[PDB]
Amino acid sequence: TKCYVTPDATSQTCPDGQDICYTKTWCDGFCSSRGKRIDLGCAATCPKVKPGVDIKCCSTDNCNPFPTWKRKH
């Protein structure tokens, strides 16, 4: 199982692997720093090419609480 964001339910799905939680976005800090951002997936590698979008990956499962919201949470 894994994480995600989509704050609605909890946010630990896409079993498949094995893999990671990846969240990639746009902004992170002041633009919309209280929704969201973020598209996420069931990973497949966080490399190191990024312009301006915030990309985080972490192996594990659920990684992730960090639903964060507004502030947490």
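Neighbour counts run over all protein chains shown; Cβ positions are idealised from the backbone, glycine included. Bear in mind these aren't lab numbers, they're just calculated from the coordinates by the rules spelled out.
Quick check: net charge around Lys48, other residues with Cβ under 14 Å of its Cβ, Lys/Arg +1 and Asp/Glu -1? Intermediate values should be presented prior to the final figure.
Numbers: positive: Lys24, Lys50, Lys56; negative: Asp54.
Counting the neighbours of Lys48, the net charge comes to +2.
Find the Rg to Rh ratio for the chain, where Rh is the Kirkwood radius over alpha-carbon pairs and Rg uses the same atoms. Write out the running numbers ahead of the final one.
Working: Rg = 11.8 Å, Rh = 12.3 Å.
Ratio value, two decimals: 0.96.
Each of the peptides 47-60, 24-37 was scored by the mean count of other Cβ atoms within 10 Å over its residues; in descending order, highest first, they stand as 24-37, 47-60. For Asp39, the residues whose modelled amide H falls within less than 5 Å of its own, excluding neighbours fewer than 5 places apart on the same chain, are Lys24.
Count the net charge of all other residues whose Cβ sits under 11 Å from the Cβ of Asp19, scoring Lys and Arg as +1 and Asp and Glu as -1. Write down the numbers at each step before the final one.
Numbers: positive: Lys2; negative: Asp16, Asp61.
With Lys, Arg at +1 and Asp, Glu at -1, the net is -1.
Do you know the relative contact order of the chain, to the nearest whole percent, from alpha carbon pairs under 8 angstrom that are 6+ apart?
Details: 158 pairs, mean separation 29.1, N = 73.
Relative contact order, the chain: 40 percent.
Excluding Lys70 itself, calculate the net charge of residues whose Cβ lies under 14 Å from the Cβ of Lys70, where each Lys or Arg counts +1 and each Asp or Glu counts -1. Please report the intermediate quantities before stating the final value.
Details: positive: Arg34, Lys36, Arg37, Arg71, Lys72; negative: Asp28.
Net of charged neighbours comes to +4.
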